[PDB]
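# Report on the structure
Okay, here's what each chain looks like letter by letter:
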Protein chains: 2
Amino acid sequence: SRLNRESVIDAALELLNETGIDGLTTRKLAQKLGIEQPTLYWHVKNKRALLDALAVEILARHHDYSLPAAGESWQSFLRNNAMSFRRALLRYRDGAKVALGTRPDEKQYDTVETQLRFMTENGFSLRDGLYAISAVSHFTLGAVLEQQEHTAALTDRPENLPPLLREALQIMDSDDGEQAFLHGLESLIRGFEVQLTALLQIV
Amino acid sequence: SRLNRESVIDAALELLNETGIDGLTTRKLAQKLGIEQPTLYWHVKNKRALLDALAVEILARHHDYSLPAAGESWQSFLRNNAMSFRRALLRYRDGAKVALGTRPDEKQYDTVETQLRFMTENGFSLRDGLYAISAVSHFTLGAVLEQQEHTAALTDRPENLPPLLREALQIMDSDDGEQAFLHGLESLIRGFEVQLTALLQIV
Ligand SMILES: Cc1c2c(c(O)c3c(O)cccc13)C(=O)[C@]1(O)C(=O)C(C(N)=O)=C(O)[C@@H](N(C)C)[C@@H]1C2
Ligand SMILES: Cc1c2c(c(O)c3c(O)cccc13)C(=O)[C@]1(O)C(=O)C(C(N)=O)=C(O)[C@@H](N(C)C)[C@@H]1C2
Ligand SMILES: [Cl-]
Ligand SMILES: [Cl-]
Ligand SMILES: [Cl-]
Ligand SMILES: [Cl-]
Ligand SMILES: [Cl-]
Ligand SMILES: [Cl-]
Ligand SMILES: [Mg+2]
Ligand SMILES: [Mg+2]
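So, here's what we can say about the structure. Note that residue numbers begin from 1 in each chain and follow the written sequence, not necessarily the entry's scheme, while residues that lack coordinates are absent from the view. To label them, take the chains in the order written and letter them from A, then take the ligands in the order written and number them from 1. To obtain the side-chain values, all non-hydrogen atoms of the structure were included, while hydrogens and water were left out.

A few words now on the interface of chain B and chain A. For this analysis, residues touch if any pair of their heavy atoms sits within 4.5 Å. Each partner contributes to the interface: chain B provides 58 residues, whereas chain A provides 58 residues. Once two parts are joined, some of their accessible surface, as seen by a 1.4 Å probe, is lost; buried area is that loss totalled over both. Both faces considered, chain B and chain A share a buried interface measuring about 5,600 Å² in area, 65% of it formed by carbon and sulfur atoms. Counting the surface chain B buries against chain A, the share from its top three residues, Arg103, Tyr131 and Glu146 of chain B, is 12%. What qualifies as a polar contact is a pair of N or O atoms within 3.5 Å, subject to a donor-acceptor requirement within protein and to the restriction that residues adjacent in sequence count only when both atoms come from side chains. For the interface between chain B and chain A, the tally reads 18 residue pairs in polar contact. Strands are runs of DSSP state E lasting at least two residues, helices are runs of H or I lasting at least four, and both sets are numbered from the N terminus onward. Secondary structure elements with two or more residues in the side of chain B that touches chain A: α4 (47-62), α6 (95-99), α7 (109-121), α8 (126-154), α9 (163-173) and α10 (178-198) of chain B. In terms of residue count, α8 of chain B provides more of the side of chain B that touches chain A than any other element does, 16 residues in total. Note on residue categories: nonpolar means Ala, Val, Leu, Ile, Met, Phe, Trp, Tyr, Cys or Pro, charged means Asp, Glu, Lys or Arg, and polar means any other residue, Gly included. Tallied by class, residues from the side of chain B that touches chain A come to 29 nonpolar, 12 polar and 17 charged.

Here you go:
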């Protein structure tokens, strides 16, 4: 079928959604596209290049809150951004795994620059703004990964529980992870705020 | 060589450290142990079972701060716990990936029960204590994953940067991730504290 970037990525995303990140091999991608491997190699040199581009396209397709609204507070922006990031990562199987370790793509420069600039405009040093942004990303990535990967293990295989753990597992099995995610997100945001407002005060 | 649980795990950990989580196949494990695949299958039925046990053994070997000291504050415990968790996950290549999605093992029941009990004793509901513990784990897992996975991509492949992003990348390349990790950890902890102390107050 068609082998422009867009179609190669479409097909890769589809494949990722079926077989997960393990199953995203160049041989399997070639199979899905209906082509021979040297044909694919002309367009896609290895798994790594594919993963970088998938990371970018996942956000381009489904990350709709990349930018602060007019007059939006930094707290509100971080909140909306994190929820959108989460939604995008959950869209595809192992999407958070795909996103891991990446750096902003040229196509993401203006977006991430605006994010960073906006933090500094709200009183953060570049460093402290970056630390807050990173912590939000890491927390969100960790939550999504444990949610997605837990689900992959339940279909892989299936008491003596002490009571608090028994109940803690009941709490976790009664929700997809969103409740605990949103709770931790508020904690994290308020903590940045305490830090930011403290200035040079011991806090 | 010897095929008790301990030796199988030793060898798997070694293999993981060399080839990462992709390279941890039962065929390669058999090769390292010097055995045929049906021999290995008797001891290890699939990759999933191997991963669960590796998650457990990584913490057993290198997670030394699983339990609160006598009279230790919950804040201090969470801090020390998170640092220890991080250190354990960084010990092996893709260790954080190995740990993802798991649930406490029977061998971890008493430990995690004590953690949960200790939070409740310090004023948290079981739910809120769990939410704090989870957020710490997720944040820590996310940070380690992006640190480890970033490093794997630098050896996989190698300007037009706007200034804030340029500098943000300089900041990130000048440290292994620990500084930003420890900064986010304090934010997260203080946020739990604001939540906890607020009780029924609007906060
Ligand atoms: C500022 C920044 C960000 C990210 C990032 O990886 C990064 C980096 O690797 C080095 C220096 C700065 C950054 C994000 O991944 C990203 O997910 C992202 O690309 C991004 C985006 N493209 O919209 C975001 O929404 C941000 N958000 C999840 C906090 C975050 C912003
Ligand atoms: C309480 C709890 C924990 C963990 C966990 O996975 C979990 C769960 O899946 C369901 C319900 C409760 C828990 C941890 O993974 C673990 O990493 C862990 O096993 C653990 C340990 N074994 O010592 C920890 O140190 C904890 N810490 C990283 C916050 C955390 C505690
Ligand atoms: Cl074409
Ligand atoms: Cl295209
Ligand atoms: Cl606002
Ligand atoms: Cl033996
Ligand atoms: Cl043994
Ligand atoms: Cl203390
Ligand atoms: Mg990133
Ligand atoms: Mg866990």
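Let us keep going from here.
One heavy atom suffices: a residue is near a molecule or strand as soon as one of its heavy atoms comes within 4 Å of it. In the vicinity of ligand 1 there are 17 residues, among which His63, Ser66, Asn81 and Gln115 of chain A together with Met172 of chain B approach most closely. More than a single chain frames ligand 1: its nearby residues are located in chains A and B. One of the side-chain N or O atoms of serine 66 of chain A is found 3.0 Å from an oxygen atom in ligand 1. Contacts to ligand 1 include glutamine 115 of chain A, whose side-chain N or O atom sits 3.2 Å from an oxygen atom.

Here we come to the packing of helix α5 (residues 74-91) of chain A against helix α7 (residues 109-121) of chain A. Each pair of packed helices gets described by two things: the angle between the helix axes and the distance between those axes. Residue and element names in this part refer to chain A. All axes are obtained by fitting lines to C-alpha atoms, using only the stretch in contact for helices, and the reported angles, taken between N-to-C directions, cover 0 to 180 degrees. The contact between α5 and α7 brings their axes to 10 Å, and the two run at 150 degrees. Compared by their axis directions, α5 and α7 come out roughly antiparallel. From α5, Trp74, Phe77, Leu78 and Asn81 reach across to α7, where they touch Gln115, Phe118 and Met119. Each residue belonging to the contact of α5 with α7 can be placed in one class, and the counts come to five nonpolar, two polar and no charged. Every angle not falling under 35 degrees, over 145, or within 65 to 115 is termed oblique; those three ranges are roughly parallel, roughly antiparallel and roughly perpendicular.

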